[PDB]
Amino acid sequence: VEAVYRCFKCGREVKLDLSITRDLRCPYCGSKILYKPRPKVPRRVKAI
Amino acid sequence: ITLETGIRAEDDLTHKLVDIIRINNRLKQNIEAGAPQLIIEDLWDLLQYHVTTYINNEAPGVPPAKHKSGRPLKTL
Amino acid sequence: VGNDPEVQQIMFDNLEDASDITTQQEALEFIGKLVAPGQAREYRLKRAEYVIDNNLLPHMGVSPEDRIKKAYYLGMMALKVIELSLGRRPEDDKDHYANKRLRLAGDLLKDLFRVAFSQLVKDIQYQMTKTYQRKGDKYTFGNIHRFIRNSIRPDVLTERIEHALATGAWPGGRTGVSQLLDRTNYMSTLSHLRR
Amino acid sequence: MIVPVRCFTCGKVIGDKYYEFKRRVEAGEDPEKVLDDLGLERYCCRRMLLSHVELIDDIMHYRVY
Amino acid sequence: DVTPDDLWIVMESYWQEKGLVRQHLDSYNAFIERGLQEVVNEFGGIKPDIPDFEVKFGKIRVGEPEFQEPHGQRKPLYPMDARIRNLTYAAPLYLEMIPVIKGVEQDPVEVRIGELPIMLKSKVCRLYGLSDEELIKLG
Amino acid sequence: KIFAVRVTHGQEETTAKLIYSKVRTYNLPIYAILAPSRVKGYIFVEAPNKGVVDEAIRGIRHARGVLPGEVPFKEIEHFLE
Amino acid sequence: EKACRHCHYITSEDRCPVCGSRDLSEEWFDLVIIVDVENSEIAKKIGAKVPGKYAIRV
Amino acid sequence: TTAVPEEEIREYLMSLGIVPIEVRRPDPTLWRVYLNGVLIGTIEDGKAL
Ligand SMILES: [Zn+2]
Ligand SMILES: [Zn+2]
Ligand SMILES: [Zn+2]
């Protein structure tokens, strides 16, 4: 299950498969902290 | 209690019973083996101490038994 | 004890009541009887001299040469007691700040490091004794560097320090020294850092 | 974290007048004269501009994606 | 003659120069500087039950806040990194072993005795001496 | 004068070696050490008296205490034969 | 670490310190040691004459 | 506060004219001098010190 992620420090595209990944890291910088990016589907919010 | 780490957290009474059974088995083996009198007396005193702590861990004049973490056990 | 005539009179009374003892050795044997009942004479003597060395005002030292200054300190204490008895000085008033001292982070951390390092040195000594006993002698003496290096167990120190800081349970019976930092807002955090 | 759009009490829109007030009061002009020039008569509005603190500018430095 | 406002002008400089948490920082700095050596000197050295052998303690020092990666090597660690990863913001401790054989010392060996947690913004912390635009970039 | 010392359940054999190494450091007057496998957590010390036992048992690991009293030799032969 | 079949003396090396033969049964379930033969009466009971370690029922 | 070395303070106090306690007894004519709670000597005048 391939998915995209955003690095914590540099905020760049990292594509990785956690289920099989053993060494979770951004390739550009050794950071082990990554975000899961927001989906592109529209979302509805009440303006209360 | 099955701890969140996946390790069984035994109740204090169960642990104290295990100690009592172990001491009793050692005493029986030593008696069957003809152990010296002093060893048998010491084991008898140890069994008495374990029993009196199991019945009451706050009994006056004894050092209360302690858990692995160092906390005092809770007994009957 | 002092030079005051009433002080020396009270001390004359005490000395008359204490004429039973004769020399220092008799006092040592008396304390040995006090501390080690039913034991051999030499054992009680030695283990009572040990108590005199390192349980009677250790801050003066633990050397057998430290007798005289310890005696002077005890005499001054007795003089203070008898002066209070005569009404020449008032009570201590321990609520006064001069008698209060704060235990900062460094002092407590020093105590924790002391106990952890004591455990560590015990473990190291045990490990080297085991290694010499079981490997042999020519092994240890051939490569002292390896024999020392592969016998240290840093996890023993790290685990105890980390657990003591995390739980807040401190050696010597102290509890609640380390608390979870309050992060509700600016004032709460800063106030928690000064308590 | 940013200037509110309307005064909490009466509802008059004062969201656009904050930067003008800050600039003129920094330049040296009397704050009460600046407020009166902007047309904020009731002190309910004047409170909102006088007591506001700009805090959007120091949280923008941390990003979450 | 001075007025209470003039005294206030002097008063605020004390907080400006010292801060509000001096009690922790100064105590921890003094501990790091001297208390470790004092405690090491108190024990003197190891006395193993081995014939004609003894170990004497030397100097002690603190390294830098690091972390030993399991599938990797030691790398620098930062407080925001430690907070998220549930790690311990600590630095290794290095101590000198002086072997004494036949009552004679020889060349010492330095070993790692453990990790000591580091007080934030102390003189041994990585955040010490950094500017606002650097702290912001560090999170 | 034989004495009996109590140790932890599974390290009597290692404690015997520890005592045998410890006796050299201060040249203790200990004559022999017997740790039979028929008693769990108990070792037998040959010493002139209790004080030397106490001194030789201070820092050795897995050792908790020495039982008071002097166990008769007449109750030991069928262990060492 | 082994022990001789006859001497019952536990050996930490290949050669027994008292017997020339390297025969080593290793079945020393029991363990007895002696510091000084001249004074220890257990050694007199068992007839040993050399300080060190020994076994009983190998 | 944080502690300074004790020995330097003791030596400085000694150099100011304190006689050691081992020399003479605490005559009520003489002031007592305590350094961090331990008696270290005696002086003739306390206010001058
Ligand atoms: Zn990255
Ligand atoms: Zn308004
Ligand atoms: Zn042989």
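Of note:
- Charge tally for C:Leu74 (other residues, Cβ to Cβ under 13 Å; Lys, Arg +1; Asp, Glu -1): +3.
- In terms of distances greater than 29 angstrom between alpha carbons, the cross-link table entries A:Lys15/E:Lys137; B:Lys68/C:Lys100; C:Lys138/G:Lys44; E:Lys102/F:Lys50; A:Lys36/E:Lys121 yield B:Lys68/C:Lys100; C:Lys138/G:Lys44; E:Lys102/F:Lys50; A:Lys36/E:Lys121.
- Projected label distance in nm at C:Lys100 and C:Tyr50, using a 7 Å step from Cα toward the beta-carbon: 4.0 nm
- FRET efficiency for the pair B:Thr14 and G:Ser21, taken as 1/(1 + (r/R0)^6) with r the Cβ-Cβ distance and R0 = 51 Å, rounds to 0.40.
- What the Cβ-Cβ distance of E:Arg74 and C:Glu159 gives, at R0 = 30 Å and to the nearest 0.05, is a FRET efficiency of 0.95.
- Of all the options E:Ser122, E:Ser13, E:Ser27, the one that moves most in a Gaussian network model of chain E with Cα springs shorter than 10 angstrom is E:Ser13.
- The modelled label-to-label distance between A:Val1 and C:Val177, using points 7 Å beyond Cα along the C-beta direction, is 4.7 nm.
- The Cα center of chain D and the Cα center of the range E:10-45 differ in position by 44 Å.
- Cα gyration tensor shape for the protein assembly as shown, rounded if a/c is under 1.5, else prolate or oblate: oblate
- Packing-based ranking of C:124-137, C:7-20 yields C:124-137, C:7-20, ordered from highest to lowest mean Cβ neighbour count within 10 Å.
- Zone of E:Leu130's modelled label, taken as backbone nitrogen in the range E:68-100 under 13 Å from a point 7 Å along Cα→Cβ: E:76-83
- Three-way shape label, chain F, alpha-carbon gyration tensor, a/c 1.5: oblate
- Cα gyration tensor category, rounded, prolate or oblate, for the range C:1-122 with a/c compared to 1.5: oblate
- Mean residue ellipticity, 222 nm, helices only, chain F: the sum of -39500 (n - 2.57) across DSSP H runs of n ≥ 4, divided by residue count and rounded to 500, is -9000 deg cm²/dmol.
Virtual Cβ from ideal backbone geometry, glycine too; neighbours counted across all protein chains shown. Laboratory data are not the source of any read-out in this text; all were calculated from the coordinates shown.
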